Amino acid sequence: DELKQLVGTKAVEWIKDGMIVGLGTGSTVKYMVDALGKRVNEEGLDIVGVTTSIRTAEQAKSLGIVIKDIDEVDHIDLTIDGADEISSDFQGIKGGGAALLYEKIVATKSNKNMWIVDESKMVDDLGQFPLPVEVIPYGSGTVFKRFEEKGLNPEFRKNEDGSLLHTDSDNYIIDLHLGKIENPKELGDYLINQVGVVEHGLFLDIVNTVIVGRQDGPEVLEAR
């Protein structure tokens, strides 16, 4: 929590008056949103937020931040979100919290993307964290069998009570337990070209800046 809070506080230095800002999810982002509300309510910062989730929208609105729908703004200047893993090549896995689709829709509209993470999220190669894939329910068992045959070690995502998780768009999630993803661009191409795959959790050539929480403070890394 200590690392998350220094990073969330540092991140809001990137926000400028007049901006439209995408706000992501996670414990790390929660600290950032609190520090953003601080600036809005003490320093007169004027901005509009777009969020990847309800929980964040409700937090931002309780702080007096104006939130609009994605299709109500003509651009997003900067989106600040967390990540489940970030590799040495600055490719990400996201959607551990099941919102990979809306996260990618917000990221794609955004001019810049910043990810804020503690040190434990930085890996050499992606793949220890299971890769989520959003799948149309009808035929999802057959998609699962294709993934099993390819060697991707698929598992359907469950709610705490063991029922199938349904996403915001009413799809299922299949997590792939891959171990190591040496070629994420090849895997992403395979996945998106499978019938019934709506989106996957590889966020490739997206993040521009990363802020990493280390024991000695936040470190800023430029990706692209």
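Just count from 1 along the sequence shown to find any residue number.
Look at the C-alpha B-factors of 52-60 and of 190-198. On average they run higher in 52-60. In this entry, 24-32 shows the higher mean Cα temperature factor of the pair 24-32 and 169-177. Between the residues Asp77, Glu72, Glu103, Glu148, it is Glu72 that shows the highest Cα B-factor in the PDB record. Among the modelled residues of its chain, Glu134 has a C-alpha B-factor that falls in the lowest third, as given in the PDB entry. Looking at the C-alpha B-factors along this chain, the one for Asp125 belongs to the middle third. Sort the modelled residues of the chain by CA B factor and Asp89 lands in the middle third. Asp118 sits in the highest third of its chain by CA B factor, as recorded in the PDB entry.
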